[PDB]
């Protein structure tokens, strides 16, 4: 509806993001999102300001795109940006690492491979550079979820496994497959990672681990790489979280996303003196002048996702309606 202007802002948003100006980038992200979530192609200054997420600064920029069909700002983007994007797309490397490598003279992935000091995660990220920038058809996400579920129910058929993220939101393609695991008895979820992960390794499904604290029986998540059997298969990102039944609803809400939806919902909760996380929804939370949680408050009973919305005074939304 307004791609002729968002397409340009998205360039700036990305530029600020890779350079580490996270707040400014966030502002652009929201503005661009609004412009997309809109309908009528904005054609007036005052008409832009009247839109939530768009201020005078952004409005002036939109105007220049309709009067000049261009944004002079785009001509002053540092030449380092494309390289910073190239580098930050390595899993495990963010804007600080990208900026450091650029300062050190690195300009290509060949430079990184041959001269950069890589962390264990980054080396895995580099090896799967193209792989991790690809999306898979949702049908493959189903296969991956089933593979994890089968392995889990193999030693405890009572384990409840659910694919979340974009898959649950009904998207045609998925990036990271997100599997949430829990158990109705509220206890059999404890210390099952090592058994589950070892089982998935046994069959050669898991090929590399990015985040997996297996020394601690309190491990909450596994971020890794997997690949289904047979020809024509690519390495995919797999994220698994194991949670106690009492936190099932909040964990499910969190893992289903989207990320921006979660942030919006948590922001709303804070305005109501509450707090929302993947662990729980709490009321009567005590915060300092900086909005930081000082007092825990009381955890509210949230057996289902509907309960979370209800307690927040919000109409329930199907996963497909949380694709923000």
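Only the largest set of C-alpha atoms that superpose within 1.5 Å between the two forms is called the rigid core. Positions refer to the first chain, counted from 1.
Taking the rigid core as the alignment reference, the C-alpha atoms of 63-71 lie farther on average from the displayed form in 4 other deposited structures of this protein than those of the other stretch among 46-54 and 63-71. Core-fitted comparison in 4 other deposited structures of this protein shows that, between 36-44 and 23-31, the CA atoms farther from the shown form belong to 36-44. On average the C-alpha atoms of 3-11 have higher B-factors than those of the other stretch, with 3-11 and 315-323 being the two compared. Looking at mean Cα B-factors across 230-238 and 148-156, the upper value is held by 148-156. Of the candidates 264, 256, 282, 289, it is 289 whose Cα B-factor is highest according to the PDB record. In this structure the maximum Cα B-factor among 32, 299, 26, 274 is found at 32.
Residue 127: CA B factor in the lowest third of modelled residues in this chain (values from the PDB entry). When the CA B factors of the chain's modelled residues are split into thirds, the value for residue 80 lands in the middle one. The entry lists a Cα temperature factor for residue 247 that places it in the middle third of the chain's modelled residues. In this PDB entry, the Cα temperature factor of residue 111 sits in the bottom third of its chain's modelled residues, the lowest group.
Residue 143 sits in the middle third of its chain by CA B factor, as recorded in the PDB entry.
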